[PDB]
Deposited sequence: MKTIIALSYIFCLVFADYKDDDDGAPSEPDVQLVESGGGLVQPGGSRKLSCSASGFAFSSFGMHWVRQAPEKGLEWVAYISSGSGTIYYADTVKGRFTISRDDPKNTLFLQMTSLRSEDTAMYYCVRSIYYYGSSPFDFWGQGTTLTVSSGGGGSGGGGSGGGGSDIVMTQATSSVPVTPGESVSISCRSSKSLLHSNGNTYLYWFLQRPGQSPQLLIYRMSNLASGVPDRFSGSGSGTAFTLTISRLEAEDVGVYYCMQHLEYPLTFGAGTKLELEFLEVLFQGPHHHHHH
């Protein structure tokens, strides 16, 4: 049973630090790349920091580069995120995501619950050209997304990830490599595209597919998510 619970419940005053914690359970925390994703109230996701197995590759986003610090503990299975020099734009959920990298892998599988922290008051741009699609169940729904750079590489695969976030829940992967569904997802999500334009078709929509869609690229750091296609009933 994979579980990613975060701690540090409480707003922070500008001019100090919070240094929240995140523990892991049900999986080998040492052999997974931990990601940090922020989400302000009704806003698009944004990658913050990523550490690999053994604290080897530690990347930060230009918004947090030089301000936030990530530190993991393999013997403790606990991820410490030291956040200093905070401001009002740091108000988000701070999702914690695990990821393992190999051929046929499923990156960004499990998302943490996140800590909704509030504060006392180039890069590949992923655009979806659509923010809200009010559609009741009864017909098929297809959601597209664009990219500033062509995601077609030389090896053959196209690195694209879809995430569905339900109201009050954490996102989870839909299709990795733009054509391969993750574990635990029925064959309803069919991903298509070529280079820049992409398509995610749903043959039959249920109460499980109603949420915000994100199209994230994993080409260059910092990682950028989609605009956010919200669904209504």
Check: deposited residues absent from the model (no CA) fall at 1 to 29, 151 to 164, 277 to 292
